[PDB]
């Protein structure tokens, strides 16, 4: 009645309608959400329970609350601020709860134990822009006791946009030991919702694969346990829904959620984000592959299926498809009009008083496998942006430069020679001294001393220039490129860089993208034994446009991933 399901085919259009005229119908739809019934919240309001509430205004409805076994002689001991929430035809599939307080750490663990949960989803950083969102309810290492549950940290994996912690739980008296994994999403912005859903969707895939299909409810929490917690739940429930059903009903599911916990999906932006994520999720399907299945996967990609006129490989690639960059005074600072950094990931320079746009360089921060901003992807310097380049490196503590083009190819200038060789150069406040030049079969290593003139300080800069990329196409073997990636990264650890690796070719998307793609993929193969090239590329394209420009480029990443598996 009045807000019917949306077939996954119309999801595109529907979303754009809601978003029309600065999200006017989204807003009217959202404001109309109403479970339309009266709840009570007596337990949350017990005097003894009020300090167990992180926010006095975010309570637990009586009828859907999670009820803990009482502790003999302790009034109020059945209470936690938490409610069951439904998934798609999955009753009480989730527990939505606040981020635990020091005084409720024991309650939270006892909840996990008694509810037989195997998975915790933490939708927040402990602190975000100074403000504490959640206190740390788990041990730094080893075993800690909370109430009567002993929680042991077995393992910590920590990656660019989330962390996974593995725990063992043991209540005293029983030999029972239970395993629980906490997935912590670390990339939700301090303000608003994520610009793109791709990190969250990969986060969600992790969670779902780890969660055993016979456990109790997934425990989900942010700060209040309503806002991001809500988005996680709806997105998941709708991805479940579309397996047997091929329609989406966000409106309907948020409505059901509101009858279970106050405020689920707390902002319009969150409501919008849910639609964007679900939109992107129907877009790709599963592209992740176990190492053992890689070759077969590749072989399958290599065929022209009955029905299609192109390869599966090229069909997969097809599915992958600017304020400052435009300011008139920065327009000469771009090699190509149509290759610009996004505002949100652009690498801004320290502004220089009295020259507008001297905060601009065509460059973009890019996350790695383990850490965010592990790369800057930028174009080959122009004679006119050379100075800017050197300052970007200094200001951003980048001391490794990967150049993926010859200065000239196919009788065109690809890159200006932005480095000195015969003698020292001064590029503005920076003195760069050429220290050595190593000619390897497939690349050249150049080493520079860079001295800040202003304060006499100094850093070593190393530049790796790969010289074996064919001027048309892509390498026939990934061997040399693999070794190259290896060398750049050895050199990173060996001389303890914290800073990003700055990577460029000519426009700084194609080969640049392949380099960054493989740097991520090959480490993920080492540590997970899975590969997902498509999602890696998809991700890069959330931070810089057109990363991995061509089909052959895309295919090469597969090729190199394959050969690397070979060793």
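Residue numbers count along the first chain shown, from 1.
Asker: In the deposited sequence, how many residues between residue 321 and residue 322 have no modelled coordinates (none, 1 to 3, 4 to 9, 10 or more)?
Answerer: Count of unmodelled residues in between: 4 to 9.
Asker: Looking at the entry, does 371-379 or 97-105 show the higher mean C-alpha B-factor?
Answerer: Higher of the two, by average CA B-factor, is 371-379.
Asker: Mean CA B-factor: is it higher for 162-170 or for 241-249?
Answerer: Result of the comparison: 241-249.
Asker: Please work out which residue in 499, 51, 70, 513 has the highest C-alpha B-factor recorded for this crystal structure.
Answerer: Top of the list by C-alpha B-factor: 499.
Asker: By the CA temperature factor listed in this entry, which of these ranks top: 458, 115, 399, 211?
Answerer: Checking the PDB record, the top C-alpha B-factor among 458, 115, 399, 211 is at 458.
Asker: Determine, from the deposited record, the chain-internal third of the Cα B-factor for residue 473: lowest, middle or highest.
Answerer: Middle third - that is where residue 473 ends up once the chain's C-alpha B-factors are sorted.
Asker: Within this chain, which third does the Cα B-factor at residue 232 fall in: lowest, middle or highest?
Answerer: Within its chain, residue 232 is a lowest-third residue by C-alpha B-factor, going by the deposited values.
Asker: Taking the chain's C-alpha temperature factors as the reference, tell me which third residue 38 falls into: lowest, middle or highest.
Answerer: For residue 38, the deposited C-alpha B-factor lands in the highest third.
Asker: Ranked by Cα temperature factor within the chain, is residue 534 in the lowest third, the middle third or the highest third?
Answerer: Tercile = middle for this residue's CA B-factor.
Asker: Considering only modelled residues of the same chain, in which third does the CA B-factor of residue 424 rank: lowest, middle or highest?
Answerer: Highest third - that is where residue 424 ends up once the chain's C-alpha B-factors are sorted.
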